[PDB]
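Novice: What follows is coords05.pdb, made up of PDB, N, CA, C and O atoms and all ligand atoms:
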```pdb
ATOM      1  N   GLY A   1       0.806  -1.207   0.000  1.00  0.00           N
ATOM      2  CA  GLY A   1       0.000   0.000   0.000  1.00  0.00           C
ATOM      3  C   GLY A   1       0.841   1.260   0.000  1.00  0.00           C
ATOM      4  O   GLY A   1       2.042   1.213  -0.270  1.00  0.00           O
ATOM      5  N   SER A   2       0.212   2.391   0.301  1.00  0.00           N
ATOM      6  CA  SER A   2       0.910   3.671   0.330  1.00  0.00           C
ATOM      7  C   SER A   2       0.222   4.644   1.284  1.00  0.00           C
ATOM      8  O   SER A   2      -0.926   4.438   1.676  1.00  0.00           O
ATOM      9  N   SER A   3       0.934   5.703   1.653  1.00  0.00           N
ATOM     10  CA  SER A   3       0.397   6.707   2.564  1.00  0.00           C
ATOM     11  C   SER A   3       0.040   7.985   1.814  1.00  0.00           C
ATOM     12  O   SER A   3       0.910   8.794   1.493  1.00  0.00           O
ATOM     13  N   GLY A   4      -1.249   8.162   1.536  1.00  0.00           N
ATOM     14  CA  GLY A   4      -1.699   9.344   0.825  1.00  0.00           C
ATOM     15  C   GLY A   4      -3.206   9.390   0.672  1.00  0.00           C
ATOM     16  O   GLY A   4      -3.896  10.049   1.451  1.00  0.00           O
ATOM     17  N   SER A   5      -3.719   8.691  -0.335  1.00  0.00           N
ATOM     18  CA  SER A   5      -5.154   8.659  -0.590  1.00  0.00           C
ATOM     19  C   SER A   5      -5.748   7.312  -0.186  1.00  0.00           C
ATOM     20  O   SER A   5      -6.594   6.758  -0.889  1.00  0.00           O
ATOM     21  N   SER A   6      -5.297   6.791   0.950  1.00  0.00           N
ATOM     22  CA  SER A   6      -5.779   5.508   1.446  1.00  0.00           C
ATOM     23  C   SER A   6      -7.220   5.622   1.936  1.00  0.00           C
ATOM     24  O   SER A   6      -7.691   6.709   2.267  1.00  0.00           O
ATOM     25  N   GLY A   7      -7.915   4.488   1.980  1.00  0.00           N
ATOM     26  CA  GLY A   7      -9.295   4.483   2.430  1.00  0.00           C
ATOM     27  C   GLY A   7     -10.199   5.313   1.541  1.00  0.00           C
ATOM     28  O   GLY A   7     -10.811   6.281   1.995  1.00  0.00           O
ATOM     29  N   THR A   8     -10.284   4.937   0.269  1.00  0.00           N
ATOM     30  CA  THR A   8     -11.117   5.655  -0.687  1.00  0.00           C
ATOM     31  C   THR A   8     -12.127   4.722  -1.344  1.00  0.00           C
ATOM     32  O   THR A   8     -13.321   5.019  -1.393  1.00  0.00           O
ATOM     33  N   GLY A   9     -11.641   3.593  -1.851  1.00  0.00           N
ATOM     34  CA  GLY A   9     -12.516   2.634  -2.499  1.00  0.00           C
ATOM     35  C   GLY A   9     -12.077   2.312  -3.914  1.00  0.00           C
ATOM     36  O   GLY A   9     -12.885   2.336  -4.842  1.00  0.00           O
ATOM     37  N   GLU A  10     -10.792   2.010  -4.078  1.00  0.00           N
ATOM     38  CA  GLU A  10     -10.247   1.684  -5.391  1.00  0.00           C
ATOM     39  C   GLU A  10     -11.196   0.772  -6.163  1.00  0.00           C
ATOM     40  O   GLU A  10     -12.063   0.122  -5.579  1.00  0.00           O
ATOM     41  N   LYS A  11     -11.026   0.730  -7.480  1.00  0.00           N
ATOM     42  CA  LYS A  11     -11.865  -0.102  -8.335  1.00  0.00           C
ATOM     43  C   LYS A  11     -12.224  -1.410  -7.637  1.00  0.00           C
ATOM     44  O   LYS A  11     -11.506  -1.892  -6.760  1.00  0.00           O
ATOM     45  N   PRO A  12     -13.362  -1.999  -8.033  1.00  0.00           N
ATOM     46  CA  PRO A  12     -13.841  -3.261  -7.459  1.00  0.00           C
ATOM     47  C   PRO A  12     -12.971  -4.447  -7.860  1.00  0.00           C
ATOM     48  O   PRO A  12     -13.039  -5.513  -7.248  1.00  0.00           O
ATOM     49  N   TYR A  13     -12.155  -4.255  -8.890  1.00  0.00           N
ATOM     50  CA  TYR A  13     -11.273  -5.311  -9.373  1.00  0.00           C
ATOM     51  C   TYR A  13      -9.815  -4.862  -9.338  1.00  0.00           C
ATOM     52  O   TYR A  13      -9.392  -4.027 -10.137  1.00  0.00           O
ATOM     53  N   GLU A  14      -9.052  -5.423  -8.403  1.00  0.00           N
ATOM     54  CA  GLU A  14      -7.642  -5.081  -8.263  1.00  0.00           C
ATOM     55  C   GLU A  14      -6.772  -6.333  -8.302  1.00  0.00           C
ATOM     56  O   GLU A  14      -6.957  -7.257  -7.510  1.00  0.00           O
ATOM     57  N   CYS A  15      -5.821  -6.356  -9.230  1.00  0.00           N
ATOM     58  CA  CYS A  15      -4.921  -7.495  -9.376  1.00  0.00           C
ATOM     59  C   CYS A  15      -4.024  -7.638  -8.150  1.00  0.00           C
ATOM     60  O   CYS A  15      -3.698  -6.654  -7.486  1.00  0.00           O
ATOM     61  N   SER A  16      -3.628  -8.873  -7.855  1.00  0.00           N
ATOM     62  CA  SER A  16      -2.772  -9.148  -6.707  1.00  0.00           C
ATOM     63  C   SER A  16      -1.343  -9.440  -7.153  1.00  0.00           C
ATOM     64  O   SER A  16      -0.387  -9.192  -6.416  1.00  0.00           O
ATOM     65  N   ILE A  17      -1.204  -9.966  -8.365  1.00  0.00           N
ATOM     66  CA  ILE A  17       0.108 -10.291  -8.911  1.00  0.00           C
ATOM     67  C   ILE A  17       0.973  -9.042  -9.045  1.00  0.00           C
ATOM     68  O   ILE A  17       2.088  -8.988  -8.526  1.00  0.00           O
ATOM     69  N   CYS A  18       0.450  -8.040  -9.743  1.00  0.00           N
ATOM     70  CA  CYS A  18       1.171  -6.789  -9.945  1.00  0.00           C
ATOM     71  C   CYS A  18       0.630  -5.694  -9.031  1.00  0.00           C
ATOM     72  O   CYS A  18       1.392  -4.943  -8.426  1.00  0.00           O
ATOM     73  N   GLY A  19      -0.694  -5.612  -8.936  1.00  0.00           N
ATOM     74  CA  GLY A  19      -1.316  -4.606  -8.094  1.00  0.00           C
ATOM     75  C   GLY A  19      -2.119  -3.597  -8.892  1.00  0.00           C
ATOM     76  O   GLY A  19      -2.541  -2.569  -8.363  1.00  0.00           O
ATOM     77  N   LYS A  20      -2.330  -3.891 -10.171  1.00  0.00           N
ATOM     78  CA  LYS A  20      -3.088  -3.002 -11.045  1.00  0.00           C
ATOM     79  C   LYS A  20      -4.565  -2.997 -10.667  1.00  0.00           C
ATOM     80  O   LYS A  20      -5.001  -3.772  -9.815  1.00  0.00           O
ATOM     81  N   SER A  21      -5.332  -2.121 -11.307  1.00  0.00           N
ATOM     82  CA  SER A  21      -6.761  -2.014 -11.036  1.00  0.00           C
ATOM     83  C   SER A  21      -7.549  -1.850 -12.333  1.00  0.00           C
ATOM     84  O   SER A  21      -7.065  -1.255 -13.296  1.00  0.00           O
ATOM     85  N   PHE A  22      -8.767  -2.381 -12.349  1.00  0.00           N
ATOM     86  CA  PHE A  22      -9.623  -2.295 -13.526  1.00  0.00           C
ATOM     87  C   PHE A  22     -11.075  -2.050 -13.126  1.00  0.00           C
ATOM     88  O   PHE A  22     -11.574  -2.636 -12.166  1.00  0.00           O
ATOM     89  N   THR A  23     -11.748  -1.176 -13.870  1.00  0.00           N
ATOM     90  CA  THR A  23     -13.141  -0.851 -13.593  1.00  0.00           C
ATOM     91  C   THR A  23     -14.080  -1.866 -14.234  1.00  0.00           C
ATOM     92  O   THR A  23     -15.270  -1.912 -13.919  1.00  0.00           O
ATOM     93  N   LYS A  24     -13.540  -2.681 -15.133  1.00  0.00           N
ATOM     94  CA  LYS A  24     -14.328  -3.698 -15.818  1.00  0.00           C
ATOM     95  C   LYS A  24     -13.751  -5.090 -15.574  1.00  0.00           C
ATOM     96  O   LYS A  24     -12.659  -5.411 -16.043  1.00  0.00           O
ATOM     97  N   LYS A  25     -14.493  -5.912 -14.838  1.00  0.00           N
ATOM     98  CA  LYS A  25     -14.057  -7.269 -14.534  1.00  0.00           C
ATOM     99  C   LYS A  25     -13.349  -7.895 -15.731  1.00  0.00           C
ATOM    100  O   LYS A  25     -12.208  -8.345 -15.624  1.00  0.00           O
ATOM    101  N   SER A  26     -14.032  -7.919 -16.871  1.00  0.00           N
ATOM    102  CA  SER A  26     -13.470  -8.492 -18.088  1.00  0.00           C
ATOM    103  C   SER A  26     -12.020  -8.054 -18.275  1.00  0.00           C
ATOM    104  O   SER A  26     -11.131  -8.883 -18.464  1.00  0.00           O
ATOM    105  N   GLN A  27     -11.792  -6.746 -18.218  1.00  0.00           N
ATOM    106  CA  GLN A  27     -10.449  -6.198 -18.381  1.00  0.00           C
ATOM    107  C   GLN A  27      -9.443  -6.960 -17.526  1.00  0.00           C
ATOM    108  O   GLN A  27      -8.382  -7.362 -18.007  1.00  0.00           O
ATOM    109  N   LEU A  28      -9.781  -7.155 -16.256  1.00  0.00           N
ATOM    110  CA  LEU A  28      -8.906  -7.869 -15.332  1.00  0.00           C
ATOM    111  C   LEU A  28      -8.647  -9.293 -15.818  1.00  0.00           C
ATOM    112  O   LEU A  28      -7.502  -9.739 -15.884  1.00  0.00           O
ATOM    113  N   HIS A  29      -9.720 -10.000 -16.157  1.00  0.00           N
ATOM    114  CA  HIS A  29      -9.610 -11.372 -16.639  1.00  0.00           C
ATOM    115  C   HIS A  29      -8.540 -11.483 -17.721  1.00  0.00           C
ATOM    116  O   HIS A  29      -7.621 -12.295 -17.619  1.00  0.00           O
ATOM    117  N   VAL A  30      -8.669 -10.663 -18.759  1.00  0.00           N
ATOM    118  CA  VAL A  30      -7.714 -10.669 -19.861  1.00  0.00           C
ATOM    119  C   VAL A  30      -6.331 -10.231 -19.393  1.00  0.00           C
ATOM    120  O   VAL A  30      -5.320 -10.829 -19.761  1.00  0.00           O
ATOM    121  N   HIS A  31      -6.294  -9.182 -18.576  1.00  0.00           N
ATOM    122  CA  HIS A  31      -5.035  -8.662 -18.055  1.00  0.00           C
ATOM    123  C   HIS A  31      -4.227  -9.769 -17.386  1.00  0.00           C
ATOM    124  O   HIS A  31      -3.057  -9.979 -17.709  1.00  0.00           O
ATOM    125  N   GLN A  32      -4.858 -10.474 -16.452  1.00  0.00           N
ATOM    126  CA  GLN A  32      -4.195 -11.559 -15.737  1.00  0.00           C
ATOM    127  C   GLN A  32      -3.309 -12.370 -16.676  1.00  0.00           C
ATOM    128  O   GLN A  32      -2.240 -12.838 -16.286  1.00  0.00           O
ATOM    129  N   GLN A  33      -3.763 -12.533 -17.914  1.00  0.00           N
ATOM    130  CA  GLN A  33      -3.011 -13.289 -18.910  1.00  0.00           C
ATOM    131  C   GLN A  33      -1.562 -12.819 -18.970  1.00  0.00           C
ATOM    132  O   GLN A  33      -0.636 -13.631 -18.989  1.00  0.00           O
ATOM    133  N   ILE A  34      -1.373 -11.504 -19.001  1.00  0.00           N
ATOM    134  CA  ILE A  34      -0.036 -10.926 -19.059  1.00  0.00           C
ATOM    135  C   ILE A  34       0.905 -11.619 -18.079  1.00  0.00           C
ATOM    136  O   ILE A  34       2.120 -11.647 -18.281  1.00  0.00           O
ATOM    137  N   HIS A  35       0.336 -12.180 -17.017  1.00  0.00           N
ATOM    138  CA  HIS A  35       1.124 -12.876 -16.006  1.00  0.00           C
ATOM    139  C   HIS A  35       1.186 -14.372 -16.299  1.00  0.00           C
ATOM    140  O   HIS A  35       1.040 -15.199 -15.399  1.00  0.00           O
ATOM    141  N   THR A  36       1.404 -14.712 -17.566  1.00  0.00           N
ATOM    142  CA  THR A  36       1.485 -16.107 -17.979  1.00  0.00           C
ATOM    143  C   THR A  36       2.922 -16.507 -18.289  1.00  0.00           C
ATOM    144  O   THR A  36       3.183 -17.234 -19.247  1.00  0.00           O
ATOM    145  N   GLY A  37       3.854 -16.029 -17.470  1.00  0.00           N
ATOM    146  CA  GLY A  37       5.255 -16.350 -17.673  1.00  0.00           C
ATOM    147  C   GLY A  37       5.983 -16.615 -16.370  1.00  0.00           C
ATOM    148  O   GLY A  37       6.307 -17.760 -16.056  1.00  0.00           O
ATOM    149  N   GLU A  38       6.243 -15.555 -15.612  1.00  0.00           N
ATOM    150  CA  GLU A  38       6.941 -15.681 -14.337  1.00  0.00           C
ATOM    151  C   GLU A  38       6.210 -16.647 -13.410  1.00  0.00           C
ATOM    152  O   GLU A  38       5.008 -16.515 -13.180  1.00  0.00           O
ATOM    153  N   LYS A  39       6.944 -17.618 -12.878  1.00  0.00           N
ATOM    154  CA  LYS A  39       6.368 -18.608 -11.975  1.00  0.00           C
ATOM    155  C   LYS A  39       7.180 -18.707 -10.688  1.00  0.00           C
ATOM    156  O   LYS A  39       8.406 -18.589 -10.688  1.00  0.00           O
ATOM    157  N   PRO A  40       6.484 -18.931  -9.564  1.00  0.00           N
ATOM    158  CA  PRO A  40       7.122 -19.054  -8.250  1.00  0.00           C
ATOM    159  C   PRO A  40       7.936 -20.336  -8.118  1.00  0.00           C
ATOM    160  O   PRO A  40       8.880 -20.406  -7.331  1.00  0.00           O
ATOM    161  N   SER A  41       7.564 -21.349  -8.893  1.00  0.00           N
ATOM    162  CA  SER A  41       8.259 -22.632  -8.860  1.00  0.00           C
ATOM    163  C   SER A  41       9.480 -22.612  -9.773  1.00  0.00           C
ATOM    164  O   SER A  41       9.398 -22.203 -10.931  1.00  0.00           O
ATOM    165  N   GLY A  42      10.616 -23.056  -9.243  1.00  0.00           N
ATOM    166  CA  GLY A  42      11.839 -23.081 -10.023  1.00  0.00           C
ATOM    167  C   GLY A  42      11.974 -24.344 -10.851  1.00  0.00           C
ATOM    168  O   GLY A  42      11.831 -24.329 -12.073  1.00  0.00           O
ATOM    169  N   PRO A  43      12.256 -25.470 -10.178  1.00  0.00           N
ATOM    170  CA  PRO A  43      12.417 -26.768 -10.840  1.00  0.00           C
ATOM    171  C   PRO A  43      11.100 -27.308 -11.385  1.00  0.00           C
ATOM    172  O   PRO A  43      10.043 -27.119 -10.783  1.00  0.00           O
ATOM    173  N   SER A  44      11.170 -27.981 -12.530  1.00  0.00           N
ATOM    174  CA  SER A  44       9.981 -28.546 -13.158  1.00  0.00           C
ATOM    175  C   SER A  44       9.622 -29.890 -12.532  1.00  0.00           C
ATOM    176  O   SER A  44      10.323 -30.884 -12.727  1.00  0.00           O
ATOM    177  N   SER A  45       8.527 -29.912 -11.781  1.00  0.00           N
ATOM    178  CA  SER A  45       8.076 -31.134 -11.123  1.00  0.00           C
ATOM    179  C   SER A  45       8.040 -32.299 -12.106  1.00  0.00           C
ATOM    180  O   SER A  45       7.795 -32.115 -13.297  1.00  0.00           O
ATOM    181  N   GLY A  46       8.289 -33.503 -11.597  1.00  0.00           N
ATOM    182  CA  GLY A  46       8.280 -34.682 -12.443  1.00  0.00           C
ATOM    183  C   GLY A  46       6.878 -35.140 -12.785  1.00  0.00           C
ATOM    184  O   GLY A  46       5.991 -35.041 -11.938  1.00  0.00           O
TER
HETATM  185 ZN    ZN B 101      -1.686  -8.032 -12.763  1.00  0.00          ZN
END
```
For the file at hand, write its structure as structure tokens.
Specialist:
Amino acid sequence: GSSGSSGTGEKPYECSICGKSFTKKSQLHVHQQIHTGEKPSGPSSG
């Protein structure tokens, strides 16, 4: 978070991966795609 305009009511749809926000659910759905690369898992499970 940040110290400034806290406690306002950011868009109803806010990404958790990056932290972006979207006023249209759909937008978020498609956006999430952008996060189809970086993975928390290092080694490829067998
Ligand atoms: Zn995101």
Novice: Can you check which parts of chain A lie within 8 Å of ligand ZN 101 (chain B)? Per residue, the shortest pair of atoms and distance in Å to one decimal, counting only C-alpha atoms and all ligand atoms, sorted by chain and number, as a Markdown table.
Specialist:
```
| residue | atom | partner | partner_atom | distance |
| --- | --- | --- | --- | --- |
| A:15 | CA | B:ZN101 | ZN | 4.7 |
| A:16 | CA | B:ZN101 | ZN | 6.3 |
| A:17 | CA | B:ZN101 | ZN | 4.8 |
| A:18 | CA | B:ZN101 | ZN | 4.2 |
| A:19 | CA | B:ZN101 | ZN | 5.8 |
| A:20 | CA | B:ZN101 | ZN | 5.5 |
| A:28 | CA | B:ZN101 | ZN | 7.7 |
| A:31 | CA | B:ZN101 | ZN | 6.3 |
| A:32 | CA | B:ZN101 | ZN | 5.3 |
| A:34 | CA | B:ZN101 | ZN | 7.1 |
| A:35 | CA | B:ZN101 | ZN | 6.5 |
```
Novice: Excluding residue 25 (chain A) and residues on its chain fewer than 6 positions from it, collect all residues at most 10 Å away from it, counting only C-alpha atoms, and give them as a PyMOL selection string.
Specialist: chain A and resi 11-14+31
Novice: Please measure the separation of atom N of residue 27 (chain A) and atom C of residue 1 (chain A), giving the value in Å to one decimal.
Specialist: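 That distance, rounded to one decimal, is 23.6 Å.
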Novice: Kindly give the distance, in Å, that separates atom O of residue 4 (chain A) and CA of residue 21 (chain A), rounded to a single decimal.
Specialist: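 Interatomic distance, atom O of residue 4 (chain A) to CA of residue 21 (chain A): 17.6 Å.
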Novice: Mind listing the strand (DSSP E) residues of chain A, per DSSP on the backbone, as an mmCIF file with N, CA, C and O atoms, in the coordinates of the input?
Specialist:
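Below is the file selection-v8.cif, written as the result:
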```cif
data_model
loop_
_atom_site.group_PDB
_atom_site.id
_atom_site.type_symbol
_atom_site.label_atom_id
_atom_site.label_comp_id
_atom_site.auth_asym_id
_atom_site.auth_seq_id
_atom_site.Cartn_x
_atom_site.Cartn_y
_atom_site.Cartn_z
ATOM 1 N N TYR A 13 -12.155 -4.255 -8.890
ATOM 2 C CA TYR A 13 -11.273 -5.311 -9.373
ATOM 3 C C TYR A 13 -9.815 -4.862 -9.338
ATOM 4 O O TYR A 13 -9.392 -4.027 -10.137
ATOM 5 N N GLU A 14 -9.052 -5.423 -8.403
ATOM 6 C CA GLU A 14 -7.642 -5.081 -8.263
ATOM 7 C C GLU A 14 -6.772 -6.333 -8.302
ATOM 8 O O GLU A 14 -6.957 -7.257 -7.510
ATOM 9 N N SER A 21 -5.332 -2.121 -11.307
ATOM 10 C CA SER A 21 -6.761 -2.014 -11.036
ATOM 11 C C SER A 21 -7.549 -1.850 -12.333
ATOM 12 O O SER A 21 -7.065 -1.255 -13.296
ATOM 13 N N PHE A 22 -8.767 -2.381 -12.349
ATOM 14 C CA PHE A 22 -9.623 -2.295 -13.526
ATOM 15 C C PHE A 22 -11.075 -2.050 -13.126
ATOM 16 O O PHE A 22 -11.574 -2.636 -12.166
#
```
Novice: Between CA of residue 22 (chain A) and atom N of residue 7 (chain A), what is the distance in Å, rounded to a tenth?
Specialist: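 For CA of residue 22 (chain A) relative to atom N of residue 7 (chain A), the distance reads 17.0 Å.
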Novice: Give the alpha helix (DSSP H) residues of chain A, as assigned by DSSP on the backbone, as a PyMOL selection string.
Specialist: chain A and resi 25-33
Novice: Suppose we keep N, CA, C and O atoms; can you now write the selection as a PDB file, in the frame of the given file?
Specialist:
```pdb
ATOM      1  N   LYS A  25     -14.493  -5.912 -14.838  1.00  0.00           N
ATOM      2  CA  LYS A  25     -14.057  -7.269 -14.534  1.00  0.00           C
ATOM      3  C   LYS A  25     -13.349  -7.895 -15.731  1.00  0.00           C
ATOM      4  O   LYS A  25     -12.208  -8.345 -15.624  1.00  0.00           O
ATOM      5  N   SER A  26     -14.032  -7.919 -16.871  1.00  0.00           N
ATOM      6  CA  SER A  26     -13.470  -8.492 -18.088  1.00  0.00           C
ATOM      7  C   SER A  26     -12.020  -8.054 -18.275  1.00  0.00           C
ATOM      8  O   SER A  26     -11.131  -8.883 -18.464  1.00  0.00           O
ATOM      9  N   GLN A  27     -11.792  -6.746 -18.218  1.00  0.00           N
ATOM     10  CA  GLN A  27     -10.449  -6.198 -18.381  1.00  0.00           C
ATOM     11  C   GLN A  27      -9.443  -6.960 -17.526  1.00  0.00           C
ATOM     12  O   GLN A  27      -8.382  -7.362 -18.007  1.00  0.00           O
ATOM     13  N   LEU A  28      -9.781  -7.155 -16.256  1.00  0.00           N
ATOM     14  CA  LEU A  28      -8.906  -7.869 -15.332  1.00  0.00           C
ATOM     15  C   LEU A  28      -8.647  -9.293 -15.818  1.00  0.00           C
ATOM     16  O   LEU A  28      -7.502  -9.739 -15.884  1.00  0.00           O
ATOM     17  N   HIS A  29      -9.720 -10.000 -16.157  1.00  0.00           N
ATOM     18  CA  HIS A  29      -9.610 -11.372 -16.639  1.00  0.00           C
ATOM     19  C   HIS A  29      -8.540 -11.483 -17.721  1.00  0.00           C
ATOM     20  O   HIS A  29      -7.621 -12.295 -17.619  1.00  0.00           O
ATOM     21  N   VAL A  30      -8.669 -10.663 -18.759  1.00  0.00           N
ATOM     22  CA  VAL A  30      -7.714 -10.669 -19.861  1.00  0.00           C
ATOM     23  C   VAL A  30      -6.331 -10.231 -19.393  1.00  0.00           C
ATOM     24  O   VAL A  30      -5.320 -10.829 -19.761  1.00  0.00           O
ATOM     25  N   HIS A  31      -6.294  -9.182 -18.576  1.00  0.00           N
ATOM     26  CA  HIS A  31      -5.035  -8.662 -18.055  1.00  0.00           C
ATOM     27  C   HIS A  31      -4.227  -9.769 -17.386  1.00  0.00           C
ATOM     28  O   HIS A  31      -3.057  -9.979 -17.709  1.00  0.00           O
ATOM     29  N   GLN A  32      -4.858 -10.474 -16.452  1.00  0.00           N
ATOM     30  CA  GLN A  32      -4.195 -11.559 -15.737  1.00  0.00           C
ATOM     31  C   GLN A  32      -3.309 -12.370 -16.676  1.00  0.00           C
ATOM     32  O   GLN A  32      -2.240 -12.838 -16.286  1.00  0.00           O
ATOM     33  N   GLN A  33      -3.763 -12.533 -17.914  1.00  0.00           N
ATOM     34  CA  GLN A  33      -3.011 -13.289 -18.910  1.00  0.00           C
ATOM     35  C   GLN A  33      -1.562 -12.819 -18.970  1.00  0.00           C
ATOM     36  O   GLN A  33      -0.636 -13.631 -18.989  1.00  0.00           O
TER      37      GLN A  33
END
```
